[PDB]
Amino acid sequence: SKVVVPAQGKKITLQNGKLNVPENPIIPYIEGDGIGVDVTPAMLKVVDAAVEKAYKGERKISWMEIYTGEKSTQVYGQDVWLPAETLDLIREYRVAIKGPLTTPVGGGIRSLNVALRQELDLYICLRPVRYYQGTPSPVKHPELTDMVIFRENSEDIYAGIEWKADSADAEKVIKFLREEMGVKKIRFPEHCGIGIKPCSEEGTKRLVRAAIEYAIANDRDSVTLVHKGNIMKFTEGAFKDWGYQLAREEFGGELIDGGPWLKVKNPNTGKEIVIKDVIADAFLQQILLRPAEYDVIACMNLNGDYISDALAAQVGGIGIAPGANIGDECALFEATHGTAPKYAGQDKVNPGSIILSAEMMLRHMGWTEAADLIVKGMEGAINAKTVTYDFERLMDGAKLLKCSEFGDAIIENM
């Protein structure tokens, strides 16, 4: 095992769904491939400064490197891309952070980000998107976007259940569908690839339960179930209907005049929360035209994959969008962008995706005060037009900063 546990840290423990976070917690981190070598050192500098400015010395994180991706073959052997040890270790230390990851081609494995998500049963991909004043945006009014995506991570088409065209197994599957199930709707059965998309009662409800609980705790105004439920009646329509049934049964929602929309009342607050639904293709237009009407969004794995990237772009956040995959027994926060090898080692890219996922991390842990400091920091740096090439390209009069230098500018504005 080649991980070295810090000598002075202590482990987070989970007691009754609530975290027990010590003053010296050990947090494992995965450096990441590609530009992970640039953004990750900046996020450690900055999380470390945010806990010192905040808790004035009492709290310290003991960071612990663990491995996945190309940096793990360089450490464990040519063919070890996801060591079982990292899975045990994220479950054991309960909270962790990672940078971008390379999956090699063909060679068995799925996509390492999905493999972690699924193997560790991290069913909530929580990706909030919000505007930071100052970001170059391609949209006229990007400040209307404050949204939070709850993307179901354990099923949908992402389960990887598929077969290559013309292989024996694909043909078996199609002899099955035609002969045993009476399926006449395949246009070209020869030279045809097949994939299976599953959507289940427990899988959508644990996600929507999470989404409506997230709305109540943070006093948000609506939850939108988005779906292409009119073509995919039983995976995606069932997703809309189960989500409505969950808000009636467990949250006591009741009809708004004709319906279908339900109103769930916030028990801590009195405000009513709307549970509504939008067909998925009209949603991608609604988020650009009426973006103030939407808030928490709940969806299956593929739709959420796309909604979040569309949303991140309109607010000018391709490179600063945060992300977290959360399950019942642990969480893994991540940079949402790729590895970008062209720019690796050159200290120029924007480190704000992983830093803002460290914000989510701390907030999860309960160190709200360090986490609000990291967003005070980043709102200052961007507003001082002090920024990395990606934002400098598009801006009228800014100071170009290296990636390390931008972490310092965040510490500077706390």
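Start at 1 and count along the sequence shown; that's the residue number.
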Practice task
Check the entry's C-alpha temperature factors for 269-277 and 144-152, then say which stretch has the higher mean.
Solution key: 269-277
Completion exercise
Mean Cα B-factor check, 197-205 vs 98-106, entry values; winner is 98-106
Exercise for the section: Determine which member of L120, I256, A159, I216 has the highest CA B-factor, using the values in the deposited entry. Expected result: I256
Handout entry: Where the record places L289 (Cα B-factor, split into thirds across the chain)
Key = middle
Practice task
Ordered by C-alpha B-factor within the chain, which third holds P128? Give me lowest, middle or highest, please.
Solution key: lowest
Problem - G252 CA temperature factor, ranked by third within the chain - result: middle
Handout entry: Third assignment of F176 from its chain's C-alpha B-factors
Key = highest
Handout entry: Third of the chain's Cα B-factor distribution that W261 belongs to, per the entry
Key = middle
